[PDB]
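Sequences listed follow chains B and A, in order. Throughout the first sequence, residue numbering follows the authors' numbering, covering 0 to 39, 55 to 231 in sequence. Per the authors' numbering, the very first residue in the second sequence carries number 3; after that it's consecutive. Report on one structure; see the data block that follows.
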Amino acid sequence: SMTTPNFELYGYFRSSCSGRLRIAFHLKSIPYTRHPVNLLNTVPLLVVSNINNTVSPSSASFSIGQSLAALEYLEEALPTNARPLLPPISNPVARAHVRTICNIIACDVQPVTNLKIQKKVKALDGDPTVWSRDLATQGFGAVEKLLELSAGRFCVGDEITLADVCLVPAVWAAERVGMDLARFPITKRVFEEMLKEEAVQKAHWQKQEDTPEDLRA
Amino acid sequence: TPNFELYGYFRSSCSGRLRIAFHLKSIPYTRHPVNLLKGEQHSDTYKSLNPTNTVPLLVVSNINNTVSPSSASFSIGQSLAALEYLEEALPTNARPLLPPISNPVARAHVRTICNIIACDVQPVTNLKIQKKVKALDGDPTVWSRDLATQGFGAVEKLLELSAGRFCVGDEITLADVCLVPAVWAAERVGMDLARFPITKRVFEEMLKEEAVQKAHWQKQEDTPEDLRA
């Protein structure tokens, strides 16, 4: 097998969904072409080429506009990669726990606290910051109860999984609306352990090419 | 103890996904209806079933729980995780709902469709967010209709690339299982399904399936008499 997928990521330094993929690519040492897209229509968007597109066979590339599907694609399309981000298939219970945590974040927090929805909330004369902070706080409470069951060094045991990959950019996004991370001690410990990772530092929202100077670290 | 217990509600779209998947795969389960309109998920009987109190809740029993080994059960409060769990925990089931592992591109396409519904539509148009919108003095029905119309436009674009008889090719996948209750939820808020011709056709093809009829929101033990059909 001589199959070598080519990856290009249309992303944004501050997008929490783009940050999942940045983290996942660095942890797995998978080279990608970064195409920054300044949001101030889908971001992120991962374009995979040099593959068999079994959906659109005459097409050179295959697009994935949803970060969770893009993450699972990385797990499935690269079976020889030295770092799986899921427990193995023979452990469906641990995989379900990992996916539960990803879904609380990807389904219960991110979609109700993004720019699009904050704007809809301001259109109803609400306070988008308060709306987002209360929803993030509630979602992190559910994350924390699941981490009480599974966390070791990381969200699920002592290895990094997709759960930690989702957790990190969601902490960045939650802190921006003033959520107090200290309310969720296992989440906080796992977050900090993840920031010790060089791959997480390379994926950092303050450390990308399109990070504005005011925001750089 | 049953292998599977679904605490569901007849008109919950996430519960609908699970009912459809169980019928499609002929997997026996025990149904406990929890009336979300009466706030029954806060009652004492459902106390010890944490999460906090989510509907649907899938309780899985008689298993080796490799996360909490002192227990022979676990519960899953996220329908997407629960759907994937059925695929992996029952690998020899007569109806797999994802294309095989040797076609990761088609599994990615299926997951993308599920994610649009499960991430971009259902969370912003569910009962919790509608109540929040109502408290702002907005119209929750209009809010949800706009958001579902927008999500369906993105689904329809993906179906243009993949759909045959069903969402992805000619076989039922998890994309179809997510689509059906999403169409039910969207129509409930006045979305015009005819604007999305591929979605409409796939939805009508799914409604030909007896399993979908057994999972139908109008055909559950807890469907009120005036909503039955």
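C-beta: ideal position from N, C-alpha, C; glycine also.
Task: Separation of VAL204(B) from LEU181(B), as counted between CA atoms - done: Residue numbering aside, residue 181(B) sits at position 167 when the first sequence is read from its first letter. Residue numbering aside, residue 204(B) sits at position 190 when the first sequence is read from its first letter. Cα to Cα, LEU181(B) sits roughly 9 Å from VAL204(B).
TODO: Using alpha carbons as the reference points, say which of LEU39(A), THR151(A), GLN132(A) and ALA137(A) lies closest to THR143(A).
DONE: Here residue 143(A) refers to the residue found at position 141 of the second sequence. Checking every option, the nearest Cα to that of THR143(A) belongs to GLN132(A).
- [ ] Go through its chain and collect everything with a Cβ distance to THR151(B)'s Cβ below 6 Å, but skip five positions before and after it.
- [x] Sequence index remark: in the first sequence, residue 151(B) carries index 137 (1-based). Hits under 6 Å: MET193.
Open item on the list: Can you check which of these residues, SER28(B), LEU176(B), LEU160(B) and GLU207(B), is closest to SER81(B) by C-alpha distance?
Closed with: In the first sequence, counting from the first residue as 1, residue 81(B) sits at position 67. Of the candidates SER28(B), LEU176(B), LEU160(B) and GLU207(B), the one whose C-alpha sits nearest the C-alpha of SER81(B) is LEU176(B).
Task: Nearest candidate by alpha-carbon position, reference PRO101(A), set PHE168(A), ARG197(A) and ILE200(A) - done: Stepping through the second sequence from its first residue, residue 101(A) is reached at position 99. The residue with the shortest Cα to Cα distance from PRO101(A) is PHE168(A).
TODO: Whole angstroms is fine: what's the gap from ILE78(B)'s alpha carbon to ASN66(A)'s?
DONE: If you number the first sequence from 1, residue 78(B) lands on position 64. If you number the second sequence from 1, residue 66(A) lands on position 64. Each residue's alpha carbon lies about 35 Å from the other.
- [ ] Pick helix, strand or coil for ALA120(B), following the three-state DSSP scheme.
- [x] Numbered from its first residue, the first sequence carries residue 120(B) at position 106. Three-state result, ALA120(B): helix.
TODO: Would you list the residues sitting across from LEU60(B) in a DSSP beta bridge?
DONE: The residue you call residue 60(B) lines up with position 46 of the first sequence. DSSP lists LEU8(B) and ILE78(B) as partners of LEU60(B).
Task: Residues bridged to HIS34(B) [DSSP beta-bridge criterion] - done: Looking up residue 34(B) in the first sequence gives position 35. Paired residue(s): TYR9(B).
Task: DSSP state of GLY171(B) mapped onto helix, strand, coil - done: Here residue 171(B) refers to the residue found at position 157 when the first sequence is read from its first residue. Note: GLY171(B) maps to strand in three-state DSSP.
- [ ] Using only alpha-carbon positions, find the residue among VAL107(A), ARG13(A), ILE200(A) and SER63(A) that is nearest to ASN64(B).
- [x] Locating residue 64(B) in the first sequence gives position 50, where the first residue counts as 1. When only C-alpha atoms are compared, the closest one is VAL107(A).
Task: Own chain residues within Cβ distance below 8 Å of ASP141(A), not counting five before or after - done: Here residue 141(A) refers to the residue found at position 139 of the second sequence. Cβ neighbours of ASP141(A) beyond the five flanking positions: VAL135.
TODO: Given a cut-off of 8 Å, decide if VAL179(A) and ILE29(A) are closer than it, judged by their beta-carbon atoms.
DONE: Reading the second sequence from its first residue, position 27 is the one you call residue 29(A). Reading the second sequence from its first residue, position 177 is the one you call residue 179(A). Not a contact, by the Cβ cut-off of 8 Å.
Open item on the list: List, in chain order, every chain B residue whose beta-carbon is nearer than 7 Å to that of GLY140(A).
Closed with: In the second sequence, residue 140(A) corresponds to position 138, counting from 1. Result: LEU138.
TODO: Note down, in chain order, every chain A residue with its Cβ under 8 Å from the Cβ of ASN66(B).
DONE: Mapped onto the first sequence, residue 66(B) falls at position 52. Simply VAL107.
- [ ] List the DSSP bridge partners of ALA150(B).
- [x] On the first sequence, position 136 is the one that residue 150(B) refers to. Looking at the DSSP assignment, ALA150(B) forms no beta bridge with any residue, so it has no partner.
Task: Proximal residues of chain B, C-beta to C-beta of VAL61(A) below 8 Å - done: Mapped onto the second sequence, residue 61(A) falls at position 59. Within chain B, no residue comes near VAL61(A); the closest Cβ sits about 12 Å away, beyond 8 Å.
TODO: State the Cα-Cα distance for the pair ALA217(A) and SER73(B), rounded to the nearest angstrom.
DONE: Here residue 217(A) corresponds to residue number 215 of the second sequence, with the count starting at 1. Here residue 73(B) corresponds to residue number 59 of the first sequence, with the count starting at 1. Rounded to whole angstroms, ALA217(A) to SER73(B) spans 37 Å at the Cα level.
- [ ] Using a Cβ-Cβ cut-off of less than 9 Å, give me the residues of the segment 33-64 of chain A that come near chain B, in sequence order.
- [x] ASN52, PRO53, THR54, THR56 and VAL62
Task: Span of the alpha helix (DSSP H), counted from its first residue to its last, around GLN215(A) - done: Counting from one through the second sequence, the residue named residue 215(A) turns up at place 213. 212-217 is the span of the alpha helix (DSSP H), which, as asked, contains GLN215(A).
Open item on the list: How far does the alpha helix (DSSP H) with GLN132(A) in it extend, from its first residue to its last?
Closed with: One-based indexing of the second sequence puts residue 132(A) at position 130. Its alpha helix (DSSP H) spans residues 129-137.
Task: Best match in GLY41(A), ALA91(A), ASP224(A) and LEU8(A) for proximity to residue 236(A) [C-alpha to C-alpha] - done: Outside the shown range of chain A (3 to 231) lies residue 236(A), about which nothing can therefore be said.
TODO: Check whether the Cβ of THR127(A) lies closer than 8 Å to any Cβ atom in chain B.
DONE: Your numbering for residue 127(A) matches position 125 in the second sequence. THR127(A) does not count as touching chain B.
Open item on the list: Taking a contact to mean a Cβ-Cβ separation below 8 Å, would you say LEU99(A) touches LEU161(A) in this structure?
Closed with: Translated into positions along the second sequence, residue 99(A) becomes position 97. Translated into positions along the second sequence, residue 161(A) becomes position 159. No. Outside cutoff.
Open item on the list: Suppose you measure from the CA of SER104(B) to the CA of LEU39(A); what does that come to, to the nearest Å?
Closed with: In the first sequence, the residue the question calls residue 104(B) occupies position 90. In the second sequence, the residue the question calls residue 39(A) occupies position 37. Answer to the nearest angstrom: the Cα atoms are 39 Å apart.
Task: Cβ-based neighbour list, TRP145(A), same chain, cut-off 6 Å, excluding 5 preceding and 5 following - done: Here residue 145(A) corresponds to residue number 143 of the second sequence, with the count starting at 1. Answer for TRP145(A): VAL135, listed in chain order.
Task: From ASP228(B), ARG109(B), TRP219(B) and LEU195(B), residue whose alpha carbon lies closest to that of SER14(B) - done: Residue mapping note: residue 14(B) aligns to position 15 of the first sequence, counting from 1. For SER14(B), the nearest C-alpha among the options comes from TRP219(B).
- [ ] Could you tell me whether the Cβ of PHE76(B) comes closer than 8 Å to any Cβ of chain A?
- [x] Residue numbering aside, residue 76(B) sits at position 62 when the first sequence is read from its first letter. It does; some Cβ of chain A falls within 8 Å.
Task: CB-CB length for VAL126(B) against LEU149(B), believed under 8 Å - done: Your numbering for residue 126(B) matches position 112 in the first sequence. Your numbering for residue 149(B) matches position 135 in the first sequence. Their Cβ separation, rounded to whole angstroms, is 5 Å, which keeps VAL126(B) and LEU149(B) in contact under 8 Å.
- [ ] Compare the C-beta of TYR31(A) with all C-beta atoms of chain B and state if any pair is closer than 8 Å.
- [x] The residue labelled residue 31(A) in the question sits at position 29 within the second sequence. No, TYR31(A) lies away from the interface with chain B (no Cβ there is under 8 Å from its Cβ).
TODO: Within 10 angstroms of the Cβ of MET1(B), are there 16 or more other Cβ atoms? Answer buried if so, exposed if not.
DONE: Here residue 1(B) corresponds to residue number 2 of the first sequence, with the count starting at 1. The residue is exposed, with fewer than 16 neighbouring Cβ atoms inside 10 Å.
- [ ] Quick one: give me the first and last residue of the alpha helix (DSSP H) that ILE22(B) is part of.
- [x] Sequence index remark: in the first sequence, residue 22(B) carries index 23 (1-based). Residues 15-26.
- [ ] Indicate the three-state DSSP secondary structure (helix, strand or coil) for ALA184(A) in the structure shown.
- [x] Within the second sequence, the letter at position 182 stands for residue 184(A). It is helical.
Task: Contact list for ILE131(A) against chain B, beta-carbon separation under 8 Å - done: Within the second sequence, residue 131(A) is the residue found at index 129, counting from 1. Those within 8 Å of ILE131(A) in chain B are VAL126.
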